[PDB]
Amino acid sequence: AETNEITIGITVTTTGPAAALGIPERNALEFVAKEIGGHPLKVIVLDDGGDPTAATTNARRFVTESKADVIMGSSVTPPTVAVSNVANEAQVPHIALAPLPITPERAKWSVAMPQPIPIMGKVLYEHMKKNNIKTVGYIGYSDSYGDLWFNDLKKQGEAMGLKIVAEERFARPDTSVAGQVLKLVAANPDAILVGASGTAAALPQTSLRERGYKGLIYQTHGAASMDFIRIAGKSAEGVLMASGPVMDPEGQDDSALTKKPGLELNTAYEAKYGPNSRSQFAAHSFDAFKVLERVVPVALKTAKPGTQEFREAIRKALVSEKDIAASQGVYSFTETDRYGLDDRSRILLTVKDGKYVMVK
């Protein structure tokens, strides 16, 4: 088994609540390379509905039925963890499209495109300090994503002089967070960090304001699309939100390596879907292909697509190829840094009169 095409399996969430993340990821595939080194790319896209069991099945199908050289996904963290388990057992390179906890068992075959939590937390906690915030409450998912954030707030947050005074959790599918909001408003912190994503991110935003909270609200990069503003409406005003720089390529210097790729994606996306349809999420799948454009030609020098040797050559190329410019950042993976990002990979956003504005 050795082939002319390079086979890429993608599992993303295009049904259910997390479709707010996976649909732009799928849509961005219209604008990525169709061939690398003259080899056509065979891209198989499967929905997982956000479910780790479905993601596990899809990922294994890509290995066994499709003989994939690279697997990508998923849209949210629990199925992403599942994909990483399969990829590490099968020895297939995996580009994660949601943040996930890198452990030793996942590090060999997995890299991640979204900004790591600590890089995003740093920009949020610094703004807190600069705005005279001393006490902070947290509301987030009762799963690995909500844990990543809470654990960072506690470690980074306390170390630069923030006090956590309240912690509440909710489940992704929950339609109400009334109970949690009552306890947060009762604690009355200066600021609240919401550890959520997509549509669910807007539920604490609206409930907190409707319940009369008047402190600062901070949101994570999981919330970084126009849909958050659509859902939260006036309650989104003054929110502070971590995002990738693809949200504002126009505001970047021509010397930013992120600028040309951001403009390429946004011009394509917004030509089809309209002004200000850009998102954090479209950029991740687009950027995964930018990485492949760098690493696949290296692997082609020494190995045939469809072979374990090719999979191994991609794995080694991910670490040997430095400074891969993409829309969301400049990636330099190492054997221990599976995200490969630095300060060029984030900006801080606020919302003013219903639009995103960069906090300068």
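Quick note: we count residues from 1 along the sequence shown, nothing fancier.
- When the C-alpha B-factors of 101 to 109 and 283 to 291 are averaged, 101 to 109 comes out higher.
- Once the C-alpha B-factors are averaged per stretch, 236 to 244 and 157 to 165 rank with 157 to 165 first.
- Listed residues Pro114, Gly274, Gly137, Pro93 were ranked by CA B-factor as deposited; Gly137 comes out on top.
- In this entry, the residue among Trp149, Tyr269, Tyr213, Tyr141 with the greatest C-alpha B factor is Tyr213.
- In the deposited entry, the Cα temperature factor of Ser345 places it in the middle third of its chain's modelled residues.
- Among the modelled residues of the chain, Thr14 sits in the middle third by CA temperature factor in this PDB entry.
- Per-chain ranking of the deposited C-alpha B factor places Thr53 in the middle third.
- Per-chain ranking of the deposited C-alpha B factor places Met226 in the highest third.
- Per the deposited record, the Cα B-factor of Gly73 falls in the lowest third when ranked against the other modelled residues of its chain.
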